[PDB]
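In what follows, a single structure is set out as structure tokens and then discussed.
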Amino acid sequence: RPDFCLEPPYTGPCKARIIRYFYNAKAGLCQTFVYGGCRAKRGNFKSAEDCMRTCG
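The sequence shown: position 30 = 323 (the working numbering), numbered continuously.
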């Protein structure tokens, strides 16, 4: 599990409301967050599956 998996999700400064996934280490599963559309961090996934495969 890369360290980026444990960094908090980042919405960023753009104004869209795109649902993305992040790994919640406490819960042990990937959950959703609202992404603004630009300046994403590494722990920003397009599906629960991509998220679980990388961070799970």
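Where a beta carbon is used, it is the ideal one built from N, C-alpha and C, also for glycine.
Excluding sequence positions up to five away, which residues of its chain have a Cβ less than 6 Å from the Cβ of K334? For the purposes of this step, residue 334 is taken as residue 41 along the sequence shown, with counting starting at 1. Contacts found: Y303.
Neighbourhood of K339 by C-beta, 8 Å cutoff - its chain only, sequence neighbours within 5 removed: Here residue 339 corresponds to residue number 46 of the sequence shown, with the count starting at 1. So the qualifying residues of the chain are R313, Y314.
Taking Cβ positions, are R332 and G305 nearer each other than 9 Å? Here residue 332 is taken as the residue at index 39 of the sequence shown, counted from 1. Here residue 305 is taken as the residue at index 12 of the sequence shown, counted from 1. Their beta carbons are under 9 Å apart, which means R332 touches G305 by this criterion.
Assuming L299 and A318 are in contact, meaning their beta carbons sit under 8 Å apart, how far apart are those beta carbons, in whole angstroms? The sequence position of residue 299 within the sequence shown is 6, counting from 1. The sequence position of residue 318 within the sequence shown is 25, counting from 1. Yes, they are in contact, since the Cβ atoms of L299 and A318 sit about 5 Å apart, within 8 Å.
How is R346 classed by DSSP in three states: helix, strand or coil? On the sequence shown, position 53 is the one that residue 346 refers to. DSSP, reduced to helix, strand and coil, places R346 within a helical segment of the structure shown.
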